[PDB]
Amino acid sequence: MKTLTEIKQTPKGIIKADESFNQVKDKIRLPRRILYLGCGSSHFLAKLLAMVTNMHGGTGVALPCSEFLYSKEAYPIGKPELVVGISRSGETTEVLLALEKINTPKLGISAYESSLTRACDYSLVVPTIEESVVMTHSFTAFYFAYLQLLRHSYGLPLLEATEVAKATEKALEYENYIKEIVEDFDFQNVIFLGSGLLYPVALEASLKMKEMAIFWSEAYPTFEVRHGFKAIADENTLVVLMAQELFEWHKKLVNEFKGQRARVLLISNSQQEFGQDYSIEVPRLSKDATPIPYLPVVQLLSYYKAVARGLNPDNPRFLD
């Protein structure tokens, strides 16, 4: 199955991403104020890219293309120096249409030379090929290429792509364990939790669940979940807590979910024993690269839950 093969191509995708970055690094100088536009997974990727832009001392704003089209007055757009359009195919109509409205320099991110790249001042084509309807390793690949480009543009040191790729290899090693979780626990809904850069990862993981498994999935900033959303967590809920650094509040939060009889998978960059039901540790990376190894974990989890439900994640109902 394509989806699984493509998830497992993640380490090679990082290497391709570094190559794509290198090809464009002197052609494209990312400015400080950047607007990011995408749909579906590419919107959650836009959010991630906006976050790292802020983290490096710029101003990053993301919104869905249709909100830019119909409700831009409601959003803190300001005066971006660059607008980034994102589409895996490069043929997403809404992205093309949003960018047509814009006279600002534009950059297109895609897996293909496409309408999108051909409509922009600049293009970052990351040739991670996916035949699945569901975006997997391309999300991660686009993210890494853009990370390097941002770092290069802001005069920061580059990351070591071999090191990042290796982190995703170590994450993919948890495949058999992830299978086991899906076998051990017949969960009926799932809550993904993350803060900062792990929040868009939570949003994307929850989308993988919807698309691949037609499943009840939710995503929240880590501690925000206590404020009413936790009501839907019980003995049939898996809570996937993702954190780069852990502190006493995460211990309490795991225990609060366990008190409602939910089971907790803790995914972290650091060993921490909070009594969680399941644990996956991924290698520590720089602050900005940190989310990268979490992606193939949640992609594998989503894939195996869809297969358990007798579904084909390569071509989901209703989806183009």
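In this text, residue numbers run from 1 along the sequence as written.
Stretch comparison (192-200 versus 71-79) by mean CA B-factor in the PDB entry places 71-79 on top.
Across the two stretches, 225-233 and 101-109, the PDB entry reports the greater mean Cα temperature factor for 101-109. As recorded in the PDB entry, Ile214 shows the highest C-alpha B-factor of the residues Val164, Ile214, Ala119, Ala145. The maximum CA B-factor among the listed residues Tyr294, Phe257, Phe274, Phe44, taken from the PDB record, is found at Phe274. Per-chain ranking of the deposited C-alpha B factor places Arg32 in the highest third.
Annotation for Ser268: CA B-factor lies in the lowest third of the chain's modelled residues. Among the modelled residues of its chain, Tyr154 has a C-alpha B-factor that falls in the highest third, as given in the PDB entry. Per the PDB record, residue ranking by Cα B-factor puts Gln299 in the lowest third of the chain. When all modelled residues of the chain are sorted by CA temperature factor, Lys179 is found within the highest third.
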